[PDB]
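# Return a 3D structure for these sequence lines:
(chains A, B and C, ligands or ions: 2)
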Amino acid sequence: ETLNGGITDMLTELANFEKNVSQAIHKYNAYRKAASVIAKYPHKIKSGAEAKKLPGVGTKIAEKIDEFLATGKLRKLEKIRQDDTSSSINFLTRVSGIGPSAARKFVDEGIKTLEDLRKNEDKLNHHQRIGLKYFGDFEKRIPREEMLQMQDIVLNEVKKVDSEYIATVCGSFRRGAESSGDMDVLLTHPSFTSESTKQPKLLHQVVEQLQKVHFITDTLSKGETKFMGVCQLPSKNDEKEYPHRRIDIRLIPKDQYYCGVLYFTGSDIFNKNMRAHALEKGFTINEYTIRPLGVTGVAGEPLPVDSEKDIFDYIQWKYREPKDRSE
DNA sequence: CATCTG
DNA sequence: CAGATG
Ligand code: NA
Ligand code: NA
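Numbers count the residues shown, from 1 in each chain, chains lettered A, B, ... in the order given. Ligands and ions are numbered 1, 2, ... in the order given. For reference, the structure is listed below:
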């Protein structure tokens, strides 16, 4: 946790690089287990050879660990942090909508900066454009003080459209968190479920409302069950407008809300543990449901849930306020 | 995983 | 349709 920290950290730089700059998914994946294992490892790795001893730990990595232990640095790591082509990619990529693939294309065409990009807005697609248009707002955290205002609106608009809608803003927003990166809304309606064959309107009508009153400003992607947009809290009395915020809205069959809600609320740490506990208790749990575990090895059949309560109960556990869903 | 692009 | 992005 801090005993093999640099090692794990250099490994991660390396891994990351493989994958983003190079196309090195194998290699990339290689750095990864290595960091995972040394990361678990209980002692101070005093040498390459010692590391080697571990699985995932091969000769190359061992070499690397040596040089790093030997001297506060790594030449390759040094050579990579410099390199412009590499840097560009880590950069372009900050654009919402530009992944590595594209980052690479562009670089080879010479776009390496915000400016470049602006000049070449023709080469970018809708998501990418938006992404560029709000590069700034996008990287700005979201003070819960705004979150509360957002939430407030979203929920009232849903209410107006249908009394039957059930919205939830999961996220750390939900776990307590002072700020958040984006807004996640979980959505359902009674007349929508597992069997119930679709109802696209279900999600489109709401989206529509939000843009009606202008809460939603742009559309990243809009499918029948998932909507990726951009929104903004109405600028008050002109002098202080708000940054543009990323927002997501998703339709869920009523028959698997709570699992989603639970699930999406995190933290990943809480998940896992709740997850492991369920398993003991003779259960299985995932994004959409909880299933009683058979003995033949495994086994199915959706346990029926009406609140986050039903879930815990099942696994016989202490209902957790979302605040304490930390770990 | 669901959506988009081309 | 494969392949990219989130
Ligand atoms: Na990006
Ligand atoms: Na292939």
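# separation between the closest residue to DNA strand C within chain A and residue A:131?
Minimum separation of chain A from DNA strand C (C-beta to the nearest atom of the strand) falls at residue A:99, amounting to 2.2 Å. For the C-beta atoms, the positions are set from N, CA and C on the backbone; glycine is no exception. According to C-beta to C-beta, to the nearest Å, residue A:99 and residue A:131 sit 11 Å apart.
# one step back: how about the contacts made by the residue of chain A closest to DNA strand C?
Residue A:99 makes contacts with residue A:93, as judged by C-beta atoms under 8 Å, 6 or more residues apart in numbering.
# how about whichever residue of the stretch 101-250 of chain A sits closest to ligand 1, phi and psi?
Residue nearest to ligand 1 within the stretch 101-250 of chain A (C-beta to the ion): residue A:131, separated by 6.8 Å. Main-chain torsions, residue A:131, degrees, to the nearest 10: phi -50, psi -50.
# Give me the phi and psi for residue A:67.
Torsion angles at residue A:67 (phi, psi; degrees, to the nearest 10) stand at phi -50, psi -30.
# That one: what's its closest spatial neighbour, skipping adjacent residues?
residue A:74 (5.9 Å; C-beta to C-beta, 6 or more residues apart in numbering).
# who touches that neighbour in this structure?
The contact partners of residue A:74, by C-beta under 8 Å, 6+ apart, come to A:10, A:64, A:67, A:68.
# what does residue A:279 give?
Residues in contact with residue A:279 (C-beta under 8 Å, 6+ apart) are residue A:293.
# for residue A:285, same thing?
Residue A:285 neighbours (C-beta under 8 Å, 6+ apart): A:259, A:274, A:275, A:278, A:291, A:311, A:315.
# can you rerun that using 6 Å?
Applying C-beta atoms under 6 Å, 6 or more residues apart in numbering to residue A:285 gives the contacts A:275, A:278.
# go on, the one 3 residues further on?
Remark: with contacts taken as C-beta under 6 Å, 6+ apart, residue A:288 is in contact with A:256, A:259.
# any idea how far DNA strand B is from residue A:76?
Distance of residue A:76 to DNA strand B, given as C-beta to the nearest atom of the strand, to the nearest Å: 30 Å.
# Just list what the helix or strand where that residue lies packs against, helices and strands only.
Counting by DSSP states H and E, the element that carries residue A:76 is helix A:75-82. Packing contacts for helix A:75-82, counted by 3 or more C-beta pairs under 6 Å, 6 or more residues apart in numbering; DSSP states H and E, involve helix A:5-20.
# The helix holding residue A:76 to helix A:5-20, inter-axis angle?
For helix A:75-82 against helix A:5-20, the angle by axes from the mean of the first three to the mean of the last three C-alpha atoms, to 10 degrees is 60 degrees.
# Quick check: residues of the stretch 51-200 of chain A near DNA strand C?
By C-beta under 7 Å from any atom of the strand, the residues of the stretch 51-200 of chain A that approach DNA strand C are A:93, A:95, A:96, A:97, A:98, A:99, A:100, A:101, A:102, A:103, A:127, A:131.
# Please indicate which of those are buried?
Buried members of those, scored by 16 or more other C-beta atoms under 10 Å, are A:93, A:95, A:96, A:97, A:98, A:100, A:102, A:103, A:127, A:131.
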